[PDB]
Structure formats: C-alpha cells, structure tokens
Amino acid sequence: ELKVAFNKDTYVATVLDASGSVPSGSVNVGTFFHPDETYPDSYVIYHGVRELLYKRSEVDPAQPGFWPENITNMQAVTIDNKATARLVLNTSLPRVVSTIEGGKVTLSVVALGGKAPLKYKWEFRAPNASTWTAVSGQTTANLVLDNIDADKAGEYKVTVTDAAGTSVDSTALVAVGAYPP
Amino acid sequence: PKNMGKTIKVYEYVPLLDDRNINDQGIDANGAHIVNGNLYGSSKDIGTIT
C-alpha cells in the first residue's frame, strides 16, 4: 500500500509508504499496490499514479472528480518517490543442480529491496510429499549442503522477507545419484 | 407568423472580453481554475490586464 500525496501548486506527487507523513501542502489522493496483486510485473509507479489522479479534480486535488475536470495532463506532475524499493531478487537460485552422494551443493540468493533487517528462511520438500519442512539452523543467505546424502534431495525454497511485510521466494530442485552401498 | 404563439425572441452573442460573459470555464496562465472565464473582462486597466 503505497500512499500518494499531491501538491496542487508545484505539481509533485510524492509516493509515500504506508506510514509516511504527507508534505506540508500536499493532500492524500489515494493508495495503490505498487506490486499489483494480480499482475505483479506489468505496471510501474507511474501506472498507479495515473489511475489515482484521473479520479481527482483540477479545481482542488482533494475532492474526487472525473473526465471533464481531472488531473490527466501527465507531463506537469513530477513523481517524487519516497517509498522503499520493491523487494527484488537480483540472483535467484538455479533451476536445477545435480551432484553425486558425497558432493557439495551450495545455493545462494541475493536480494535488493528496502529494509534494514532482511531476514531469510529455508524450506525443503521431499520428492514425494506435499508440505514444506523447515530447514532448521540455516537462516543466512547461502545454504551449504556438505556430504549430501540421498535423503537430502528434493526442492529447496528460500524466502527473503523484509522488515515490514514483503517476501520473495525462489526454488531449486536438487538431485543426487546414489551408487549402491 | 400566425399559428406561432404571440412572442418573438432572438439570440445575442456577447464578446469574449466584456464583463457580461461571466462563466465558469477559466484556467489562468499558470494552470489554476479561476472564477472569471474572460481574460481582463473589459477592465481597461494596466495592472489588471498585466
């Protein structure tokens, strides 16, 4: 929920976060999900400000309005962003990794979003199951599996969660050939 | 003409720059809706038209 303000004089649409403070002069014009719930990788912040100022009024950008009198000249507004950058995964886990019993498989994920305490998570699904099982201990980015056994095969999924609520995940299926004992 | 009531009425089109043509369609040189639609509505002043 990115909150947008708007000052009618300077024509600056400050896209604040959910807990921002509206600048002296600007007025609340609405809220929109920057990572759109349904199509998450199609619209940008501009594509959300336009949908917010269309339902506004040139006479006073505080009361709602429509087509004959609304803020649709999208050249004078200057979006001034002060909302934390979306949690994006710069380097996701490989689609597939495959070693032999005894080898060392390492998985690494790099996240570039907005928060101080970017905490991590790790789960594990056996390749016949349905629910994810918590990988105890490893909670910091790179997960190292040394002397990997056959039972430690399946699908591993990281979950990079920021400070407030945002989370991004990425999976990596792991296979291990098992020579006879 | 007969069969046409007992009244005749015409249309008077007023100039843009007079005072009589007050309306609500007004955006100044900056982009803010103003009360007067007519630019310098026959003010004949210097400061007002400036």
Item checked: Criterion violated by A:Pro40 - all others in (1) outside any loop (DSSP other than H, G, I, E, B); (2) out of contact with any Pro (no Cβ under 8 Å at 6 or more places or on another chain) satisfied -> (1)
Note to self: Within segment B:17-35, take every residue that is away from chain A (no Cβ under 14 Å) and either in contact (Cβ under 8 Å) with a residue 60 or more places away in the chain or surrounded by 11 or more Cβ atoms within 10 Å (Cβ to Cβ) (or both) and give me the one that is nearest to the chain's Cα centre (by Cα).
What the structure shows: B:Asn21
Check: If you scan segment A:8-23, which residues turn out to be more than 14 Å from chain B (Cβ to nearest Cβ) and either outside any strand (DSSP E or B) or farther than 19 Å from A:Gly48 by Cβ (or both)?
Finding: A:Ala13, A:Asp17, A:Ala18, A:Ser19, A:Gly20, A:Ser21, A:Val22, A:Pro23
Note to self: Need the failing condition index for A:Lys3 against (1) surrounded by 13 or more Cβ atoms within 10 Å (Cβ to Cβ); (2) charged (D, E, K, R); (3) within 14 Å of chain B (Cβ to nearest Cβ), just the number.
What the structure shows: (3)
Item checked: Hits in segment A:24-37 (condition: touching a helix residue (DSSP H, G or I) at 6+ places or on another chain (Cβ under 9 Å) and not in a loop (DSSP other than H, G, I, E, B)) -> A:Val29, A:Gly30, A:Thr31, A:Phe32
Check: How about segment A:134-181: which of its residues are on the phi > 0 side of the Ramachandran plot and touching a residue at least 12 places away in the same chain (Cβ under 8 Å)?
Finding: A:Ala141, A:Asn147, A:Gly154
Item checked: Any pair with Cβ under 8 angstrom, 6 or more apart, that starts in segment A:23-40 at a residue that is at positive phi and ends at one that is basic (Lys, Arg) and surrounded by fewer than 16 Cβ atoms within 10 Å (Cβ to Cβ) -> A:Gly30/A:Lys55
Note to self: Anything in segment A:143-169 that is touching a strand residue (DSSP E or B) at 6+ places or on another chain (Cβ under 6 Å) and of a type in the set (S, T, N, Q)? List them, or say none.
What the structure shows: A:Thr159, A:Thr161, A:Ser167
Item checked: Residue list for segment A:70-80, restricted to those being farther than 14 Å from A:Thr10 by Cβ and either surrounded by 15 or more Cβ atoms within 10 Å (Cβ to Cβ) or in contact with a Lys or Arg (Cβ under 7 Å, 6 or more places away or on another chain) (or both) -> A:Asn70, A:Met74
Notebook entry, point to check: Pick from segment A:102-113 the residues that are crowded, with 16+ Cβ neighbours inside 10 Å and small (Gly, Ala, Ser): which of them is nearest to A:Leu143 (Cα to Cα)?
Noted result: A:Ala111
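Every residue, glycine as well, gets a Cβ built from its backbone with ideal geometry; the counts of neighbours run over all protein chains shown. Values in this text are rule-based calculations from the coordinates and carry no lab data.
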